[PDB]
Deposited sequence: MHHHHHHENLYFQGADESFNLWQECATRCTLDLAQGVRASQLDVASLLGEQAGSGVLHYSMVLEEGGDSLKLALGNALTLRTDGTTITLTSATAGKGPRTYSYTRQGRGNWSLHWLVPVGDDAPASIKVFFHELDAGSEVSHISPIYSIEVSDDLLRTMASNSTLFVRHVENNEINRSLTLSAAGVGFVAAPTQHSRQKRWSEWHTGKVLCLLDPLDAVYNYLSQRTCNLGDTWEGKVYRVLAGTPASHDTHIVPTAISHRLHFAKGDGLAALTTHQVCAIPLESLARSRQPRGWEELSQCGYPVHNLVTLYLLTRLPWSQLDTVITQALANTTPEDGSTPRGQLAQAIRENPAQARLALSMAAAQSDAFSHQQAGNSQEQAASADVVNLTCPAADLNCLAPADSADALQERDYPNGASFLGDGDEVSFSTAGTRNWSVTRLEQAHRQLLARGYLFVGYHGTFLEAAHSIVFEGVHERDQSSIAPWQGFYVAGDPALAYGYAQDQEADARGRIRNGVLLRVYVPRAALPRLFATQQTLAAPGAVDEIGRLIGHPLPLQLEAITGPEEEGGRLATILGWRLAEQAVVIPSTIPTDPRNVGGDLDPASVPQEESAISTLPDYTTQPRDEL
């Protein structure tokens, strides 16, 4: 009842399933060798006739069930119990089974499984989410050395009990022998995991309309069989990447990733537990604030009262209680408490609107769906099967536009390695890649780091409804007033902040509106609502208008547009010795003024 998948099915095999179960050994341990090092195994095969009524076991307690309607994946985990993922087939006929298994002592503690539905031409017509599972330690070792593929027909109305496989094979990509582990595996929990395998590059490129510019010099070495590289002409669509966490700290992990610009794989399960030593300065404090808030079971709606009372420190607190520990954590770093808790609150809110029963409790331990948003498209639709997950939209960020030079970083003493020359180069690159400047954002140092090195993310602004959005000023003097801490840190000092330059995609230009009314006036809500063709809050639109009557101009980017903005540093410094003082007009370099022409905004007739 055995077979050789990689010898018989490398081209095309028809297996008899009439007498029950068929099994093949997937021995990669021999083919790899003693020390082929750290990297990624890519197993793949095409399932043809018989592939719509099957039970496959890719290992002990990893099962695939295909009934023609769904393809379901049941796995044992390193966590509390097994998990089930279910893909609704969008098409009919042949499909590609892919699974990625990392190799090495310091390699990620998850596998990838995903399905590509094929048309008559053997091109990809539909893709599943990339399912990322923190499997049992047993599966991590087994699926990387010697694993057994069991195949059983499951009874339906089909008279015949056979399975035709083609293009069965396993490739191995060796990780470039350089770089920290953090950097090596940084794309593991993004759309760009597909970029690590030559045979899946074209799929990432075509769907996203974005280049794979990971691991320069890598070689896709076929170990056995003949893996297929399928072309696709699918209309641009979002690549979904579902991330399971054995620890169940999805919301804490995503917020930590977004606040600290730490790759989400470094906050996943570790094979060799290492503690928080490598991530002690932003990682631990941010993760601890969100964990502690959730343990109090306070609603996110009460965030403003919780922070106000913690900073006042007038009320008597029990330092032993979760409520008291949260309050100490907030005093210990007010800046990142505001940034982190407000970002977690907005994510919990968006999650609760996705479907019924998406409570605060469920958001805390939900999976994360990462979405690779197609370039040259202002709409990034998540697939319906992601309603039960925390959703992160990956768009290009400021970090990818900084050009060549030493590491840009933020401090009270000024922005490091950010010359008038480097900004000019970055600006030209942004204009050439279809962006335009809409003004200045002033903020505190930790917010600047998040916005540039990770990207703009929605923060809870429920108190100012319906005027939620990313606030920008054409005049840097207005932004400057906000480029500082809102209150004293634990050491009792208020720090100067950072001025940032905000760029939106050129396609948004039609929906950048202006008005001569004050942006929180009586009739203004309804007058702006008619101007943008729907009620506030703003979506894929901006509004520019006087902040006060006779005041300077404020620009509000709707959060759905703001997330697609690219933000880079200004060369306009904040004054470390005049914190609360006005911008010195003499400190604005002529070379930055010259590239800061605002676009012509659309007004009411």
List in ascending order the stretches of the deposited sequence, numbered from 1, that lack C-alpha coordinates.
1 to 16, 230 to 232, 625 to 628
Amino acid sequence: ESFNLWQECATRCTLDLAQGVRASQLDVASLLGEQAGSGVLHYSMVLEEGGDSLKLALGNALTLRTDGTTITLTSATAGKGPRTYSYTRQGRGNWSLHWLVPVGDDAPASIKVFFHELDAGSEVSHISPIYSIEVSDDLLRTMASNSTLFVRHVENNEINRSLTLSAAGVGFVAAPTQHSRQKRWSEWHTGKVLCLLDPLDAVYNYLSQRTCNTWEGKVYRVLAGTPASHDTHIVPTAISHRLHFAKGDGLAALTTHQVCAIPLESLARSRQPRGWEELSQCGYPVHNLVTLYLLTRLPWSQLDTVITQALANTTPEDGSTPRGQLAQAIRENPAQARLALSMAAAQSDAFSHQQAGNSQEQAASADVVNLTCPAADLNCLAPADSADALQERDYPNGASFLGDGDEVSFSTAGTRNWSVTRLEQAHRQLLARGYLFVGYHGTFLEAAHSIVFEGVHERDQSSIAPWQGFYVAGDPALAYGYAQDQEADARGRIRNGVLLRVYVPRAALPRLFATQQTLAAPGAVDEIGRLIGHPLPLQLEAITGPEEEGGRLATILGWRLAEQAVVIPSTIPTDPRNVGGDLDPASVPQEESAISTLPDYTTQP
From here on, numbers count along this sequence of modelled residues.
If you average the CA temperature factors over each stretch, which comes out higher, 133 to 141 or 516 to 524?
516 to 524
Quick one: say whether 227 to 235 or 246 to 254 has the higher mean Cα B-factor in the deposited entry.
227 to 235
Options 291, 301, 160, 409 - largest CA temperature factor per the record
160
Can you pull the Cα B-factors for 392, 367, 349, 105 from the entry and say which is highest?
105
In terms of the CA temperature factor given in the entry, to which third of its chain does residue 558 belong: lowest, middle or highest?
lowest
Binned into thirds over the chain's modelled residues, the C-alpha B-factor of residue 532 lands in the highest
Which third, lowest, middle or highest, does the C-alpha temperature factor of residue 355 belong to within its own chain?
middle
Comparing residue 278 with the other modelled residues of its chain, is its CA B-factor in the lowest, middle or highest third?
highest
Chain thirds of CA B-factor: placement of residue 449
lowest
